[PDB]
There are 2 protein chains.
Amino acid sequence: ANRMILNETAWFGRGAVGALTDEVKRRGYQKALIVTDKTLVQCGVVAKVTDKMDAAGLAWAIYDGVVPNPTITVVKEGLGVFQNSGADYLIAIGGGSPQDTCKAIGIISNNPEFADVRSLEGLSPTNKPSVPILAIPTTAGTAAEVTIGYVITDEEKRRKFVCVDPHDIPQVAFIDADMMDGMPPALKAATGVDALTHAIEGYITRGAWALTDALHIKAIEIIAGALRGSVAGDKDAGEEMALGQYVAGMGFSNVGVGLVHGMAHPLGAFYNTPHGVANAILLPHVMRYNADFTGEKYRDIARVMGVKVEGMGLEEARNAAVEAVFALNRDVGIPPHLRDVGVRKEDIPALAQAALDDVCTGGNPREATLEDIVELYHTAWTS
Amino acid sequence: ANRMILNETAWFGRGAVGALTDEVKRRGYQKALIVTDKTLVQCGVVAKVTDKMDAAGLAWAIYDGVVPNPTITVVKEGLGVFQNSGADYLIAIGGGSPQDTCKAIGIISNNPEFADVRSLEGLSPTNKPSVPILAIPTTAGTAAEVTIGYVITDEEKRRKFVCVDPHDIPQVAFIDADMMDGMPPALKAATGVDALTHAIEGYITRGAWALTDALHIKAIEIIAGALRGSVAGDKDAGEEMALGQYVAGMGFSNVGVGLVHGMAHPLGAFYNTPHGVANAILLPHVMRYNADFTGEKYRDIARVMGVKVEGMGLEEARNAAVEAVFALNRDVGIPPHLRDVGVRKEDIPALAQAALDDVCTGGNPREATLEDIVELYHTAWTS
Ligand SMILES: NC(=O)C1=CN([C@@H]2O[C@H](COP(=O)(O)OP(=O)(O)OC[C@H]3O[C@@H](n4cnc5c(N)ncnc54)[C@H](O)[C@@H]3O)[C@@H](O)[C@H]2O)C=CC1
Ligand SMILES: NC(=O)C1=CN([C@@H]2O[C@H](COP(=O)(O)OP(=O)(O)OC[C@H]3O[C@@H](n4cnc5c(N)ncnc54)[C@H](O)[C@@H]3O)[C@@H](O)[C@H]2O)C=CC1
Ligand SMILES: [Fe+3]
Ligand SMILES: [Fe+3]
């Protein structure tokens with residue numbers, strides 16, 4: 001049997017954070033800890049929420065110490081703030097980094113034996129649900145608001161580790177493009193191809209089944225249709241991306257991804273490479289590696305990405321899907337090589353071992369060896 | 001902004017009730033009231049759940065007094081059992097009737113100011129969540145396990161009233177075709193076209209948007225592909241129908257349906273007509289009435305119902321969709337006229353007024369007058 005964890009309550013569309021004060025009142029919560037970063041405070045994005053909260057007379061404190069690729073230290077700092085704040089719920093405002101941080105705080109806060117943070121890794125044997133989380137994405141996106149995974153950086157060990165826990169699922173997600181319009185184009189592009197990577201790896205993952213297939217192929221269609229326009233600054237394209245990134249989550253959270261996420265995590269841990277950029281560069285190279293274990297599914301990808309696949313045989317359609325992703329990466333200004341974003345040749349053997357041992361690699365529809373991952377990094381390295 | 005209420009946790013596939021004992025233990029519940037009917041006790045379908053529960057050492061009581069089109073009297077009997085049982089949670093085993101009954105008991109049981117049952121009608125202003133509900137459908141189906149609506153019969157007033165409450169959403173749904181194989185073919189057919197009706201009315205409802213559209217058109221595809229085979233007794237067709245009926249719910253619960261449900265509720269209340277059979281007879285007639293306010297959407301329906309649309313104008317495609325539903329109704333043995341299932345000509349004026357006042361009618365993409373609903377019943381009535 002296949003399990004689906006989803007958000008019990010989700011609000012979709014420009015103005016969706018408009019619903020938050022009434023959700024909080026109907027739930028009887030008394031005080032929020034908002035988990036976010038200095039940038040979203042600075043740019044006035046957190047204020048879009050706190051202004052409404054203040055107008056409704058709802059108490060909030062704020063932790064803004066989250067850094068991209070959130071570390072064990074960030075989780076413990078935020079945990080310390082929550083525990084002294086008196087908060088009875090959490091509001092995650094940000095991308096993956098604040099949202100994963102918020103999941104770790106919420107879990108540890110109702111399961112205090114996990115406050116070392118490392119022991120949460122894998123299928124966390126938590127007894128209690130997370131402190132309730134209201135999740136507000138500001139990137140488009142990691143789909144953190146609807147996934148049961150969160151990823152934390154162990155600095156001492158130089159590795160991103162995955163915590164998977166149904167207890168961490170947010171009680172409400174607010175998917176509101178107003179909260180996303182301030183993303184620089186490069187951030188829209190990087191988080192866009194992240195979303196696309198989720199949808200494409202979810203579509204072809206070992207555990208894929210009819211429902212996740214339907215969700216994933218619709219998310220690829222929405223993302224491929226909207227990203228160029230969103231990066232260009234189109235309003236409706238921004239709103240489409242907010243939805244597409246989410247729908248991808250509904251799928252990949254429940255069945256997994258593959259070697260792209262597997263190979264992107266070591267780059268995060270070694271170099272602090274943004275997750276989306278690492279995914280964007282690796283995606284077409286890994287799709288080429290996977291092509292022969294994906295049945296007719298690349299034909300579907302090619303079609304929804306606007307390639308005329310009528311008549312074109314399966315081998316040509318598989319290549320047109322890989323090329324449509326190369327073309328998207330170029331069109332939205334993602335650098336094409338790992339060397340352009342600070343990766344070192346010398347590190348590839350160690351990166352490849354960490355990629356092979358990454359839990360996300362298990363979902364890849366083609367069995368990867370150390371030497372295959374070594375070769376793949378070398379292919380993404382430089383011309 | 002658009003809201004989605006879904007199941008936080010759902011298990012899909014043959015053997016899905018296999019997960020119930022683990023879900024109960026993880027949740028720390030002490031004692032279930034199972035809400036069901038004498039038929040599912042008699043046919044040994046309840047035992048498929050209680051045998052696993054007994055093997056896991058889990059306490060259960062049982063209320064088996066639910067009748068099709070569950071009355072106020074059934075809700076109060078079940079309420080009385082729950083309140084004296086000591087149960088801390090509910091397991092709904094059945095079709096719409098036990099599942100809607102279980103939602104009413106769960107709500108009333110944590111919201112004692114609604115125990116008259118009539119006051120729950122509409123957007124019930126409940127303060128408290130329902131007693132937690134684990135939902136196990138045995139028909140394919142009403143999608144009750146995932147909807148926020150429930151429908152109760154006021155015998156004295158001769159009317160089905162709709163209660164809409166996010167507090168009633170089941171904590172976990174187990175969608176397990178093993179629990180559905182015992183349905184007589186006529187019940188598979190009647191609940192099948194119910195599922196199809198939900199998906200088609202959801203697809204064209206006034207509140208329809210991108211997410212519900214994707215869910216609905218995928219559910220029409222699954223249902224139209226599997227129903228004939230399921231009615232014939234095909235195993236995999238049965239499993240497909242279990243999924244399709246659910247996916248339809250994920251949509252229509254969150255945006256609504258239309259005039260088919262609106263006109264079927266009076267038949268329930270006047271005659272105790274099965275819901276699905278009334279939906280099946282009315283569906284193609286209402287679809288023809290709606291055709292011109294459905295954009296390109298009947299062309300989508302025609303395609304996924306296996307009509308060759310390659311070089312077909314939208315007018316012809318709209319008619320082929322109406323005809324594909326007539327053809328399905330014939331092939332699965334649904335009587336074609338309202339007169340064949342015990343409706344009276346003399347009642348049509350009163351039925352039409354009750355249909356017009358039914359809250360479900362509001363979603364219809366074409367504004368219905370009394371005269372239009374009168375005419376529609378007359379069209380479905382006889383040769
Ligand atoms: N929880 C899960 O299931 C998943 C986890 N992840 C994790 O998510 C993280 C990546 O999160 P992302 O959203 O890609 O970025 P992020 O949350 O790391 O943020 C990147 C940077 O963009 C800035 N930023 C974010 N939103 C902005 C906005 N609206 N306007 C202006 N600046 C803004 C932030 O302040 C930050 O400096 C990684 O740690 C990755 O491992 C990725 C996918 C799935
Ligand atoms: N909750 C919601 O949002 C919705 C509500 N409904 C409600 O659902 C009700 C109709 O529910 P249905 O599921 O169509 O039927 P039902 O639950 O009323 O049952 C119909 C008959 O079939 C029998 N049966 C059910 N499963 C069986 C199985 N596996 N094997 C043998 N016999 C079986 C039952 O014992 C019963 O006698 C109506 O009262 C309607 O208003 C309908 C759809 C949506
Ligand atoms: Fe990702
Ligand atoms: Fe129905």
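One-based numbering along the chain as shown.
Per deposition record, X-ray crystallography, 2.2 Å.
Any Cβ shown, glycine's included, is placed from N, Cα and C.
Swiss-Prot has this to say about the protein:
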type	residues	note
BINDING	B:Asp194, B:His198, B:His261, B:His275	Fe cation binding site
Fe cation site shell beyond B:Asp194, B:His198, B:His261, B:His275, criterion: Cβ within 8 Å of Cβ centroid: B:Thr142, B:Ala195, B:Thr197, B:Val257, B:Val260, B:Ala264, B:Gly276, B:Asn279
Fewest other Cβ within 10 angstroms of its own Cβ, chosen from the binding-site residues B:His198, B:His261, B:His275: B:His275
Around the Cβ of B:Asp194 (Fe cation binding site), the count of other Cβ atoms that are within 10 Å: 31
Cβ under 6 Å from ligand 2: qualifying binding-site residues of B:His198, B:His261, B:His275: B:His275
